[PDB]
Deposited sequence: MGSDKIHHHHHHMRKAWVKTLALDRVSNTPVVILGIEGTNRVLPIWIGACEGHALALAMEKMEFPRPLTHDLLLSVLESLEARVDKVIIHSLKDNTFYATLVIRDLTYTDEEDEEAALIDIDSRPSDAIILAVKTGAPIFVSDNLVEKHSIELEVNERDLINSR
């Protein structure tokens, strides 16, 4: 009931001067745009550069917390939209082990995408969001 997606670009909405994630939807030529805050966009911009920093930023520290508790990002789902807000699930995998070892966590789309970018974990978008909110470019 959901399509694989990826970060195509992090654009700027020069009208609202705000960052816009453009998710590609696999199986389509449509994209789903998601508006995020400035600090979120900066963190995603840095994550997508995939470069080395001498000190852990917040999402890095999240990922270190997961690692320490023998878990990892399994996937990310952008599933719902109400009142201009997309709702995401960070699906975490408990590595103490069999598929019921997945934990769903409420997340904003920004945080989820950033963690998926950092980890290589898959992003999914629900059919319904694609049907109703994906766009052509």
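In this chain, the deposited residues that lack C-alpha positions fall in the ranges 1-11, 109-113, 154-164.
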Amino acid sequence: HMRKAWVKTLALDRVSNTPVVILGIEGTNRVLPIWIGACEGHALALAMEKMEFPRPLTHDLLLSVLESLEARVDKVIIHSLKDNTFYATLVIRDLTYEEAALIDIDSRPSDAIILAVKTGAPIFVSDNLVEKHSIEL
From here on, numbers count along this sequence of modelled residues.
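In the PDB entry, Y97 places in the highest third of its chain by CA B-factor.
Annotation for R108: CA B-factor lies in the lowest third of the chain's modelled residues. Remark: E40 belongs to the middle third of its chain, ranked by C-alpha B-factor as recorded. Among the modelled residues of its chain, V91 has a C-alpha B-factor that falls in the middle third according to the deposited record. Sort the modelled residues of the chain by CA B factor and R30 lands in the highest third.
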